[PDB]
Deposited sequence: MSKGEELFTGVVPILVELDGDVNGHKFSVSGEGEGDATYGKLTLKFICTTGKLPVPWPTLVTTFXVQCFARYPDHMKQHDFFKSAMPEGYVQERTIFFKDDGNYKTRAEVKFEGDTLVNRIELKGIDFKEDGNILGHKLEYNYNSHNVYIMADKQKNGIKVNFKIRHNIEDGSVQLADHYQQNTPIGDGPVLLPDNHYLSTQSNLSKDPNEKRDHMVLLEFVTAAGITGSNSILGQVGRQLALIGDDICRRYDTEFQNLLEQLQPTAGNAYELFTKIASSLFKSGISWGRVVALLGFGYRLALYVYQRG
């Protein structure tokens, strides 16, 4: 359970910015939205500030914050992203479009204010004029994918792998082989995970109003590929839990038999209890007794408080 975990508890705002060059066409882009790591939901609008954009959008969807993925509790000691926070992390990539060129990305994903920021620097090269890319042949959508995460301790960081599928107007498909590295800027302790992955599912819409080359992006991102946890710590929660999910229902209706048979009111309550007390303990002591006793008091209090 990381400290940096604790930022993303609610919604968190987000700004993103990028300076691109691909085969010399330069450009820049800026975007805004919110993300809720708790529901593993993320919402964003992007606009190109050099006006028209030389590449089709989805190419960048990746490039454009895995801090916002939902890790459930058994897995929460594997959330690297949030641990590196607030000081953040550097995310470098190399994205190989198959049969075409490539992207190099470097980015700092860090907190500035109560805001989170992705500052990205991009260089594409060797693409082809009629390539899928420069021919704006890619459809406007995104498939789901899996992002495979494995710890790299030589770097006090992680390595990440996957491949991206951009459907084509044809019915053909284009592959983007994603190779990635995330290295904390902070010198603090981070969380290094066991191998696991993330399940991104995605949708690309547009803003009816907005007139500029833009993209509106939604991502759901959920963490998985582990079941036991640090197994017997969080598995303490199997038996301490049904110890109680049975203990409650064991005795609580002869408990109520005693309250329907002692009909206590606030006047007598104290005396009632205290008498049961010293007298019950004159028997002997263990905790085995000591518990039961106040089990009665919570259940007692409830009978008085409700009755009145």
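Gap without C-alpha coordinates occurs only at 65, with positions taken along the deposited sequence from 1.
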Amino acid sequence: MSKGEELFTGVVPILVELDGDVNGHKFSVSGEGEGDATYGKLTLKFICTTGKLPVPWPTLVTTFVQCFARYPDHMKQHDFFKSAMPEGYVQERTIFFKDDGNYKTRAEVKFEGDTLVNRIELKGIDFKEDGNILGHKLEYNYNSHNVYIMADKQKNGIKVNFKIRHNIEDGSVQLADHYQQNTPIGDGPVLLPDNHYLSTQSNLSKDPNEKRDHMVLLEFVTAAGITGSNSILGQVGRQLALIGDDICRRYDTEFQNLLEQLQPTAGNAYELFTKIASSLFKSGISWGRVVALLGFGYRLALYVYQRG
From here on, numbers count along this sequence of modelled residues.
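Averaged over CA atoms, B-factors in the entry run higher in 257-265 than in the other of 43-51 and 257-265. Look at the C-alpha B-factors of 141-149 and of 128-136. On average they run higher in 128-136. The PDB entry assigns the greatest CA B-factor among 11, 18, 291, 14 to 291. When the C-alpha B-factors of 27, 57, 281, 64 are read from the PDB record, the largest value belongs to 281.
Remark: residue 32 belongs to the lowest third of its chain, ranked by C-alpha B-factor as recorded. Residue 170 sits in the highest third of its chain by CA B factor, as recorded in the PDB entry. Sorting the modelled residues of the chain by their CA temperature factor places residue 77 in the middle third.
Looking at the C-alpha B-factors along this chain, the one for residue 232 belongs to the highest third. Remark: residue 238 belongs to the highest third of its chain, ranked by C-alpha B-factor as recorded.
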